[PDB]
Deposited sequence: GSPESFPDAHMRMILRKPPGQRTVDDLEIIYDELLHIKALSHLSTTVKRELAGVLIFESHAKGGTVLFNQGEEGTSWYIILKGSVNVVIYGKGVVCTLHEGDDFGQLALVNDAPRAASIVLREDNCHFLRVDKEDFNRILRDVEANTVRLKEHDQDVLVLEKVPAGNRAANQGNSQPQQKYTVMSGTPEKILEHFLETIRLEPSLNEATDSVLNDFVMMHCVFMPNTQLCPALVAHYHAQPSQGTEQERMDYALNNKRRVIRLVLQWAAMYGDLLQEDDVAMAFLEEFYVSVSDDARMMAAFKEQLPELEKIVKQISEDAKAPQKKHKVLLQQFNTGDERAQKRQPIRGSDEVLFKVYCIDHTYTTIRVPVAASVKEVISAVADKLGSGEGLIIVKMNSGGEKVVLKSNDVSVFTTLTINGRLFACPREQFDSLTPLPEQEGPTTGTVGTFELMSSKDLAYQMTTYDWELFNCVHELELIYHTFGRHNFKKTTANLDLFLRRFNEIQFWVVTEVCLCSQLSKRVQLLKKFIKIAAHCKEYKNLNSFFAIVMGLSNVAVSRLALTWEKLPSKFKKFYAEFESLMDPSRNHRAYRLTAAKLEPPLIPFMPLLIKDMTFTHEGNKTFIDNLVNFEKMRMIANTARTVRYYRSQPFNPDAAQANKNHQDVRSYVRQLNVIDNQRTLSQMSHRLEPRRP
């Protein structure tokens, strides 16, 4: 029997094959497999034996060549920096990770006791027979606690796990090979982008340091020196991807910068000893409208009930609590202030002490107020919030439809490029949870409303009917040119401004419009059809090539519903399926900005719009133009 299972694959007799197969029916590790697969395994399963407890089956960092099933005895699973992580017993199997992923062994396997017997399947036979059917779901345990769930959906992907184990997995499976230089920069990208949700820099940086200096406990001197070198190379890759992701944003994180400066010294010192990291050390050396930083300072006016104000000097990322303290400083206070946003229409929101970077979350004409709670209901808007009272048609009517659209798209691109991928993450999962600004995203999202209300404002401030028909004609044209430049955001903003109740009301203006532009607009209005998950827009944008500005409100919607629709923690483990979904939606923005884009008077007007955002005012203006 043992001699039978020791015979090579092409040496076993028909009777040998039949007697083995009967025994495989008693192995629970093979019970889920089909009859076809099981009889193929009868001519492939090698018997292996070891006498001495403490014998090492394989080392962590070694290339994997075999999958094992335990017949008799037990083994320790040993991971560098953790020691014995768990013990595998009679009936358990191991070693499929390295074979499926084509990655080094994630752990060492060491005999726990004397006289251990194993059934083994070698690499070539495993890929032929088992790769598509064996171990489609793998849940790894450490100290009887579930620590990682991998699923074959071709390598394994992380479904869930602990932050530490997820990082450990993503490190272990970094592809170093130069031909695979972008095929790893995409796998790590999910972790690198999303870590702030489940493993902030305060944990990640210490973990990276511990990983970098972790030495092997198994193998000869040469083997150990090799395992450690590749480990170090992999950690460096991670750090490079992490530093590239953040870019200039590292300045907001003292822990992250302190780590990067210390990490660089460690790599430099190791390079002087081992003569290695020749490619990666100079890349690490480089790292060691403009985008607004959280550490930037703003002069912001906070108003009192009587409409006098204080100018406070605080960081962009300052909390409401810090704002209150700055106002209480300049005014001298111990009188229980609250901060409240107010619209042009009188609508008020009390801000929590918890709220961070609120300056850019205001409406177009919103102002910030400080008062005791009993003053809240008596607050009234400033005259400055109510917008212009005369139009600017005389100015921009003398400008080309094409030129306006171009200068709009140029400015939109500057604003869109200022937005960091991480700002989309902070905005979705909530600013207060990160203490970071989303100021660049906030201002770009505000521009949608700015363009929308610009249209409504100009139409409603145009008393002459004949000129008002010319405005509708011009806006439709500007919208069309914006769509040509693939600026879909400003396109939908103009079309929605036209669809506004104040504008759509003007029957005498719409009736007197040429059927050509009435046809144009009807097509534009159908592009925003919400039917079948905004199918009309989604297909339009899918047809377009990279350099484009997407319909931002829908992107924010996708992001919101991914977060509220899916849980961040499943069974106390990080739901990485969700993390991967959020990351894909954010990378969508990276795809849109992957390619670059191809009259001072026109530039000035477009970048300095004055807008009425008070809907009641705009309706009243519309009702007196055409009763």
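Stretches of the deposited sequence lacking C-alpha coordinates, numbered from 1: 1-10, 164-178, 314-343, 654-662, 692-694.
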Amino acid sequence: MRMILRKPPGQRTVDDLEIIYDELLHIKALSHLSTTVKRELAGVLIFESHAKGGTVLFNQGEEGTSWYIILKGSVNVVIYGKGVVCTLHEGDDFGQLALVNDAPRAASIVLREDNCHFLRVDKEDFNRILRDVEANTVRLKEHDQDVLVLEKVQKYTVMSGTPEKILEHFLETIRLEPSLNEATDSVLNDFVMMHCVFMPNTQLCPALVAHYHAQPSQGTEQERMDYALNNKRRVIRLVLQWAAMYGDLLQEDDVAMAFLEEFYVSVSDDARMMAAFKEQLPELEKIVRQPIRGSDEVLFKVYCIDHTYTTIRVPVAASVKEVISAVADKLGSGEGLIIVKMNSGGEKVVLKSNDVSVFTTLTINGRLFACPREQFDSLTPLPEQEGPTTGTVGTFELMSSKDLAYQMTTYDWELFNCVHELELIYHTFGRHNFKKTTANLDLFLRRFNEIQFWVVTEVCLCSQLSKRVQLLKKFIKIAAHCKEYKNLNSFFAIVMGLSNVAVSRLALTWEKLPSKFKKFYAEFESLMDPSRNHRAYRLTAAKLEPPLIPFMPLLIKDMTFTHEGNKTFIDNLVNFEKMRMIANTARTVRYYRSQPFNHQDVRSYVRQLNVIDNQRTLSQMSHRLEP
From here on, numbers count along this sequence of modelled residues.
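The question of which stretch, 515-523 or 70-78, has the higher mean Cα B factor is settled in favour of 515-523. Averaged over Cα atoms, the B-factor as recorded in the entry is higher for 263-271 than for the other of 263-271 and 211-219. Residues shown: 86, 107, 555, 188. Highest C-alpha temperature factor in the entry: 188.
Of all the options 228, 472, 379, 364, the entry's greatest CA B-factor is assigned to 472.
Residue 596: CA B factor lies in the highest third for its chain, per the PDB record.
Per-chain ranking of the deposited C-alpha B factor places residue 115 in the highest third. Among all modelled residues in its chain, residue 49 ranks in the highest third by Cα B-factor.
Annotation for residue 252: C-alpha temperature factor in the highest third relative to the rest of the modelled chain, per the entry. In this PDB entry, residue 500 carries a Cα temperature factor that places it within the middle third of its chain's modelled residues.
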